[PDB]
Enquirer: 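Before I ask anything, let me first share the structure, which is written out below as C-alpha cells.
One-based numbering, in listed order, for ligands and for the atoms of each. Each chain gets a letter, A, B and so on, in the order the sequences are listed, and its residues count up from 1. All heavy atoms count here, side chains included; hydrogens, waters and symmetry mates do not.
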Amino acid sequence: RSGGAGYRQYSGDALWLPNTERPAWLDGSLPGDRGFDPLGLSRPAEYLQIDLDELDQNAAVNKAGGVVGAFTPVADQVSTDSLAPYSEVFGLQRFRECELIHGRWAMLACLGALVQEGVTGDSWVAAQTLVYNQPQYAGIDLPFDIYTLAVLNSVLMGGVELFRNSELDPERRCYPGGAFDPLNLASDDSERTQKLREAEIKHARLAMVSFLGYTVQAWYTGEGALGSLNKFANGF
Amino acid sequence: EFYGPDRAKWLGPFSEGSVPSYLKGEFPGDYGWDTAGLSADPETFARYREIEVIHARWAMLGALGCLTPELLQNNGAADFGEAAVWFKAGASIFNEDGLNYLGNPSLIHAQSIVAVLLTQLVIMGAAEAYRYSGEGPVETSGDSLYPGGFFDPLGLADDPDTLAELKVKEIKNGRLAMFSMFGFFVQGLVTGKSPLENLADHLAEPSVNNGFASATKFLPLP
Amino acid sequence: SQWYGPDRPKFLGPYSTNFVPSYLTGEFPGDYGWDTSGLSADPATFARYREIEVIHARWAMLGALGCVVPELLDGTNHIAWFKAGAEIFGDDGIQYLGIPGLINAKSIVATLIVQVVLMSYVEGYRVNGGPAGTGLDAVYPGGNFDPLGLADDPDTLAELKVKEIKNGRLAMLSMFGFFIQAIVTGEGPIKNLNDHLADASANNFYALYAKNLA
Amino acid sequence: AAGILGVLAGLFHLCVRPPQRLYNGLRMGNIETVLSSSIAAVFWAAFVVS
Amino acid sequence: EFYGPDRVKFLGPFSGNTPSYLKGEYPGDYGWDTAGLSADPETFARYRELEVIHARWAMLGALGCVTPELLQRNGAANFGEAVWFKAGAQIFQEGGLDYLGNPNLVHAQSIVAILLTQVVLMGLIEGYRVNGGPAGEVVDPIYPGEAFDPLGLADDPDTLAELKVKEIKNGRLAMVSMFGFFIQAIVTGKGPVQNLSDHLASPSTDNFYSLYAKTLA
Ligand code: CHL
Ligand code: CLA
Ligand SMILES: CC1=C[C@H](O)CC(C)(C)[C@H]1/C=C/C(C)=C/C=C/C(C)=C/C=C/C=C(C)/C=C/C=C(C)/C=C/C1=C(C)C[C@H](O)CC1(C)C
Ligand SMILES: CC1=C[C@H](O)CC(C)(C)[C@H]1/C=C/C(C)=C/C=C/C(C)=C/C=C/C=C(C)/C=C/C=C(C)/C=C/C1=C(C)C[C@H](O)CC1(C)C
Ligand SMILES: CC1=C[C@H](O)CC(C)(C)[C@H]1/C=C/C(C)=C\C=C\C(C)=C\C=C\C=C(C)\C=C\C=C(C)\C=C\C1=C(C)C[C@H](O)CC1(C)C
C-alpha cells in the first residue's frame, strides 16, 4: 500500500520543539522521552562537601569548615531506608516514579470527578463537604460515620503506600507487575510493552494537566468539570 | 493526464493501491474505480463500457431536456403550463388541447398516448436494433460505441489525437450528467419541486433550505 | 482449523456435501460454501468481494451495537436509531449521554464537513497505506490495529478471523432486521423486543403488521 | 494560606541543598547561626504580637 | 503556462515588451515590472520576499476582517464590534474583549498587556523567521517547509511549483481586496460584508457611484 500521499513521512526524533537537541541526560530510552527538560531538573547534580565546623570550646581557635571536595553522587540507587530510599532527590528514575504516581492518581481523579458529577449532579469540589456532613456513595447513605472513615482512609492508604515502598528495584517501583498485571499485557520486554508504557505516560501527563484544569476552573468559575463545560457553552 | 499509468485517478493521491490491474488507462475516463470488481472479466468490461457511454449520452440529453422547458417558461416564452417541471410533464399528452410543442397548438398538438407510444417503439426499436447489430445503411465507422462514420457530420473528430481527448470530454460531461440525473430523480421524489425551484430555495436560505430540511419527511412513523 | 479445509461446516449442513462451488475450498475464514449464484467465480472478484464482506461486517457490528445503546440509556431518552439524526435540529442539539456540555453539536453542516474530511483521510489510508501502517494486509493490517497482540499466533488469528466474520455476518443480518422492522413497526428495535417479550403471540410481525403490508 | 506555603517551603527546604556561598556566608554548619536567626525571628514576632 | 518564457503575461496578448530579468523563473511572473523597480537582482530578491509576506498577511487579514462580521450577520455569535475597523475599541468596553463574545474566553481587559505581549511574541517569531529558531532552521527565507508543511502538500517538487503560483495569486487577490477593505471603510463607513449585502440587494443604487462618489470631491 505504501502511502506518502496525505502525510509528510519526515524522519527524525519526535521532540517537544520542531528542531532542538535532546539533553545529554535524556537519552530517549525511557518511555515518553521527548527531550523536554529546559530547567535541567534531571541533569546529574554536582555537590560540594564542606568539612564539619570546629565547635570545640577546649580549643583556642574554632575555624569554620571549608570545601573538602566536589562529588557527583550516583542517582537512582534505592536502599533499605524506608524514609529516604533513593540515593538522590534529583534523579531521572525517581522523577519517573513521581511522574507515574502523580499521573496515575490524576487519571483516576479525572475520571472520578466526571463520573460522580454525572451520577450525583454535585460538583467535585462541593462533593467533599457533602460526603463530610453525610457520608454517601451513588446516593446510598454509607453505614459508617465520617470519623471512622477518616481514620480508615488514613490507615488503609497508610498500609497501601507502605506496601508500595517495599520494592527496591527502581524499574519495578514504577511497574510492579505481578498481581497488578493479571492480563500480562506489558509484563514482557516486547515492543508492545514499550508502546503500552508510552501510552501510559501520555494519558498520565494528559490527566495531570487536565486535573490542574479542574482546580483552576473551580477556583475561577466556581463550577466543577461538567458544570464548567455547561457554563462555557452558555457563555456564547 | 487521462491515459497511461500516470493518468488522473478517482482517489487522487490515495488511488495508488485502489487501481484494479485490468484497469490500465487504455479507455476513456479510466480513473481506475472498480472497487467491487465487476470489470474483472474483459468481456463484461467491454459490455459495461458501452452501457456506461450509452447511459451518459442519454443522461446528457436528459439533463438539458429536463431543464429547457422550465428555464424557458420561467423567463421567456412561458407557454409551458405546469408541464414545465419535468417529472410533472408527461400528462401534457392528456391536456384537452394536447401535447403542443413550446405550448404552441400548431406544433405537434399530439393527443393520442398510444400513438406516441407505438411511434417511439418503432423509431427507437430500429435505431437500437442497428446499434446492437453493428451495421446499417449509414456509415458505421466499424465501431458500435463510436460510429462517427455518419453520426459525425461536422467531422469534429478527424484526427485520433483530438478523438482521445474528445472521448474523455464526452464521458466526463456524461458522468456529470448521469450523476446529476440521479439528482433530478431523488430531488423530485423528496421535494416534489422543479430542479430550479430547489436551486432557488438553496439560494434564498442555504443553511435552512438544504437536504437535511426534508430529512424527517420519510421517518417511518409507528 | 475445523472452520478451514473440506471438513469445514456448510450452510446447508448435511445437504451440502454434494453442493460446494469448486472455487470455494475452505482457505478463507467464514467459508460455509453457499455462493449458489456463482458471484465469486472470478478469483479477482472473489478477493474484492471478500474484503467488502469484512468491511460491511465491521461496520454492521459497530452499527448494531450503536443502534442499541442510545435506546437502552435513560440519559439518551432511549432514542430510536432511525430518530437520532433529527436531534441535531433539536433546541439543545446533540448532547452525548444526555449530559449538557458534551459535544453540544447544533449544526449538521459542520458535522458533515468534519466527517467528510476525517473519513476521506481514514478511508484513503486504508487503501494505499498511511501513518498507521504501509504494506500491511488490506483487511487485516495488524500492528497499530492489533495493540493487544491478541492475534499473534497464526492458528489463533485463523480462528479469530472466523469469529470476526461470524459475529459480523450476524450483525449484518440483524442490521437488515433493524432497517425493515423500523419501516414496518415504526418503533425502536429494543421496543420491538420488549413487546415480543410481553405478549409473544399477540406482539409479533404477523399479528399486527403482515395484513397491513398489502 | 501560610500553612500551605509552609508545607511547600518545607518541601523545598527538604529537597534543595543550600548554596555553597550562602552556606559559608551564614555559617550554616554552626548551630549558633540558627540561634541568632531564631532569636531574631522571635523578637520580630514579639514586637508584632505586642 | 505559469513558468518559462512561453508563460502568461499581465497584459494578455499585447504584452510582448516584458523586462529581461522577469523571465519566468519565479511564481507569479507576469512581466509587470513597468517601473523597473526590480532591475537589480538583489533588490528583486528582497521584493519577492516582501510580496510573499505581504500576501500571506493579507490572506489572513482578508479572512479575519470578514469572519467576525459574517458570523455576526448570520446570528452565529454576538461580537462586541464585529466590523473589523471597530474591533479594536472592544478592549475599552466594560467587559473587555471576549473572544466569540464568550466571557470565559480570552477576556482581555488591558490594551497595554495586549501590546506588550504582541511585541515580545511577534518580535521572537519574526526573528525566528529570518534567523531560524525552535520551529526550524532557515534555508529558503519564504518557503521553509518541514515543520511548516506537516501535511506534505509540497512534497512533490512539480506540485509545489504549481502550488507556489496558487499561493501568490490568492495572495495578490487578497492584497487588492484587503486594500479595498481599507478604502471602503473610509468611504462607506460600513463593514465589507455590509457593503456587499447593500450592493447585492440593489446593485443599481447601492453602488459607490450612486452614493459617495461626488461626495468625495
Ligand atoms: C449508513 C449511514 C446512515 C444511515 C443508514 C442513515 C439513516 C437515517 N438517517 Mg442519517 N443515516 C446515515 C448517516 C448519516 N446521517 C446523518 C445525518 C442525519 C440527519 C441530520 C438526519 C438523519 C436521519 C436519518 C433517518 C431518516 C429518517 C427515517 O427514519 O427514515 C426511514 C429510514 C430507514 C428506516 C432506514 C433507511 C436506510 C435503508 C434501510 C438503507 C440503509 C443503508 C444505505 C445504503 C445508507 C448508506 C449511507 C452512506 C454510505 C451513503 C434514517 C434512518 C434523519 C432522522 O433520523 O430524523 C428522524 C435526520 O433528520 N441523518 C449523517 C451526517 C451527520 C450521516 C453520516 O454518515
Ligand atoms: C459506526 C458506528 C456508530 C455510528 C455511526 C454512531 C453514531 C452516533 N452515535 Mg453511537 N455508538 C456506537 C457506534 C456508532 N454510533 C457504539 C459501538 C456504541 C457503544 C459504545 C455507541 C454508543 C453511543 C452513545 C451512548 C451515544 C451515541 C450517540 C450517537 C449519535 C451522536 C454521536 C455523537 O454524540 O458525536 C460523537 C461522539 C464522540 C466523538 C465520542 C466522544 C465522547 C465525549 C468526548 C466524552 C464521552 C462522554 C463522557 C463519558 C461524559 C463525562 C461524564 C460521564 C462519565 C458521566 C450518532 C448518530 C449519542 C446520541 O445521543 O445518540 C443520538 C449517544 O449518547 N452512541
Ligand atoms: C453469500 C451469498 C452467495 C450467493 O452466491 C448470492 C447471494 C445469495 C446474494 C449471497 C448472499 C449475500 C447476503 C446475505 C448479503 C446480505 C448483506 C447485508 C444484509 C448486509 C448488511 C449491512 C448493514 C450495515 C453495513 C449497517 C451499517 C449500520 C450503521 C453504520 C449504523 C449507523 C447509525 C448508528 C450506529 C446509530 C444512529 O442512531 C443511526 C446511524 C447513523 C444509522
Ligand atoms: C508589480 C508592480 C511593477 C511595476 O513596475 C510598479 C508597480 C505597478 C508599482 C508594482 C505594483 C505593486 C502593487 C500593486 C503593490 C500593492 C500592494 C498592496 C495593496 C498590498 C496590500 C497589503 C495588505 C495587507 C498586508 C493587509 C493586512 C491586514 C491585516 C494584517 C488585518 C488585520 C486585522 C484583522 C484580520 C481583523 C481586525 O478586526 C482588525 C485587524 C487587527 C487590523
Ligand atoms: C464504481 C463502480 C465500480 C464498482 O466496482 C461498483 C459500482 C459502485 C457498482 C460502480 C459504480 C457505479 C456508479 C457509482 C454509479 C451509476 C450511476 C448512475 C446514476 C447512472 C445514471 C444514469 C441516468 C440516466 C441514463 C438518465 C436518463 C434520463 C432521461 C433520458 C430523461 C428523459 C426525460 C426528459 C429529458 C424530460 C421529461 O420531463 C421526462 C423524460 C422523458 C423522462
Side-chain angles (χ1 to χ4, degrees), chain A residues 111 113-119 225-226 229, chain B residues 10 20 33-39 48 52 54-69 83-90 92 175 177-185, chain C residues 48 59 61-70 72-73 75-77 79 81 83-85 87-88 94-99 101-103 105 111, chain E residues 10 19 30 32-38 47 51 53-69 81-88 90 172 174-182:
Chain A
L111 182 58
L114 297 178
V115 170
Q116 81 88 15
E117 283 184 355
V119 163
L226 282 66
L229 195 57
Chain B
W10 62 299
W33 186 19
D34 195 7
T35 58
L38 298 330
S39 301
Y48 279 146
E52 183 177 23
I54 295 302
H55 272 77
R57 295 179 180 178
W58 280 108
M60 287 191 264
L61 297 172
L64 184 49
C66 288
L67 275 308
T68 311
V85 40
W86 72 287
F87 45 105
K88 300 191 302 80
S92 181
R175 306 256 192 75
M178 285 186 290
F179 189 87
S180 61
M181 280 310 308
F182 189 87
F184 295 145
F185 298 159
Chain C
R48 299 268 56 194
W59 278 104
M61 280 184 285
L62 291 176
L65 226 196
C67 289
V68 167
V69 176
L72 203 54
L73 264 52
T76 49
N77 302 359
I79 184 170
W81 70 268
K83 293 195 297 294
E87 177 184 354
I88 191 64
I94 302 179
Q95 293 174 343
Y96 205 82
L97 254 56
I99 312 174
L102 277 300
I103 311 306
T111 70
Chain E
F10 78 100
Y30 288 74
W32 188 22
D33 194 9
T34 65
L37 260 41
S38 62
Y47 279 13
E51 189 176 35
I53 298 302
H54 259 80
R56 284 170 182 171
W57 278 101
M59 275 182 291
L60 295 181
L63 182 53
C65 290
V66 169
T67 32
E69 187 178 2
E81 272 78 30
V83 282
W84 66 267
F85 53 91
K86 276 125 75 185
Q90 290 174 162
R172 285 171 180 170
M175 283 189 287
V176 177
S177 62
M178 186 63 195
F179 181 83
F181 288 0
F182 297 123

Enquirer: Within 4.0 Å of atom 60 (O) of ligand 2 (strictly less), any protein heavy atom?
Expert: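 Protein heavy atom within 4.0 Å of atom 60 (O) of ligand 2: present.
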Enquirer: Given that the side chain starts at C-beta and the backbone is N, CA, C, O, which of these parts of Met175(E) lies under 4.0 Å from ligand 4, counting heavy atoms, or is it both or neither?
Expert: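 The answer is both, backbone and side chain.
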Enquirer: Which residue holds the protein heavy atom closest to atom 2 (C) of ligand 5, what is that atom called, and what is the gap in Å?
Expert: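 For this ligand atom, the closest protein heavy atom is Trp33(B) O, 4.1 Å.
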Enquirer: For atom 31 (C) of ligand 5, what is the nearest protein heavy atom, given as residue, atom name and distance?
Expert: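 It is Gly62(B) CA, 3.8 Å.
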Enquirer: For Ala36(B) and ligand 5, does the shortest N/O to N/O distance drop below 3.5 Å?
Expert: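 Such a contact does occur with ligand 5.
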Enquirer: Give me the nearest non-hydrogen protein atom to atom 22 (C) of ligand 5 as residue plus atom name, then the distance to 0.1 Å.
Expert: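 The closest one turns out to be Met178(B) CG, 3.7 Å.
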Enquirer: Out of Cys65(E), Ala35(E), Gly64(E), who gets a non-hydrogen atom closest to atom 33 (C) of ligand 4?
Expert: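 Answer by nearest heavy atom: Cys65(E).
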Enquirer: Which of the numbered atoms in ligand 2 are under 4.0 angstrom from any heavy atom belonging to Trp59(C)?
Expert: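 The atoms of ligand 2 under 4.0 Å from a heavy atom of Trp59(C) are 1 (C).
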Enquirer: Tell me: protein heavy atom nearest atom 37 (C) of ligand 5, and distance?
Expert: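 Going by distance alone, atom 37 (C) of ligand 5 is nearest to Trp86(B) CB, 4.3 Å.
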Enquirer: Could you check which of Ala105(C), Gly66(C), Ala84(C), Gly98(C) puts a non-hydrogen atom nearest to atom 18 (C) of ligand 2?
Expert: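 Considering heavy atoms of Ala105(C), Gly66(C), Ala84(C), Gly98(C), the nearest to atom 18 (C) of ligand 2 sits in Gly66(C).
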Enquirer: Tell me whether ligand 4 is touched by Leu37(E) - counting only heavy atoms on the residue side and a distance under 4.0 Å.
Expert: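 No; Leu37(E) lies far enough from ligand 4 that no heavy-atom distance drops under 4.0 Å.
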Enquirer: Just to confirm my output: which protein heavy-atom neighbour is closest to atom 10 (C) of ligand 5, and how far is it?
Expert: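 Minimum-distance protein heavy atom for atom 10 (C) of ligand 5 reads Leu38(B) CD2, 5.0 Å.
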Enquirer: In the complex you have, is atom 2 (C) of ligand 2 within reach of the protein, judged by whether a heavy-atom distance drops under 4.0 Å?
Expert: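 Given the 4.0 Å cut-off, atom 2 (C) of ligand 2 counts as touching protein heavy atoms.
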Enquirer: Under a 4.0 angstrom heavy-atom cut-off, which atoms of ligand 2 come close to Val115(A)?
Expert: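 Matching atoms, with element in brackets: 54 (C).
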Enquirer: Which residue owns the protein heavy atom closest to atom 50 (C) of ligand 2, what's the atom, and how far is it?
Expert: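 Here the closest protein heavy atom is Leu102(C) CD1, 3.9 Å.
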Enquirer: Could you check atom 23 (C) of ligand 5 against the protein and tell me its nearest heavy-atom contact, residue, atom and distance included?
Expert: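 Here the closest protein heavy atom is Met181(B) CB, 4.1 Å.
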Enquirer: Scan the protein's non-hydrogen atoms and note whether one is under 4.0 Å from atom 34 (O) of ligand 2.
Expert: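 Yes.
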Enquirer: Could you find the nearest protein heavy atom to atom 36 (C) of ligand 5 and give me its residue, atom name and distance?
Expert: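 Here the nearest protein heavy atom works out to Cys66(B) SG, 3.5 Å.
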Enquirer: Any idea which protein heavy atom is nearest atom 25 (C) of ligand 5, and the distance to it?
Expert: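 Result: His55(B) O, 3.3 Å.
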Enquirer: Enumerate the atoms of ligand 2 whose separation from the nearest heavy atom of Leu97(C) is less than 4.0 angstrom.
Expert: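 Within the 4.0 Å cut-off of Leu97(C), ligand 2 contributes 25 (C), 64 (O).
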Enquirer: Between the candidates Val69(C), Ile79(C), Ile88(C), which shows the shortest non-hydrogen contact distance to atom 19 (C) of ligand 2?
Expert: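 The option holding the nearest heavy atom is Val69(C).
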Enquirer: Counting only non-hydrogen atoms of the protein, does one fall under 4.0 Å from atom 39 (C) of ligand 2?
Expert: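 Answer no: nothing from the protein, no heavy atom, is under 4.0 Å.
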Enquirer: As an exercise, identify every atom of ligand 2 less than 4.0 angstrom from a heavy atom of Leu65(C).
Expert: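 Every atom of ligand 2 under 4.0 Å from some heavy atom of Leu65(C): 17 (C).
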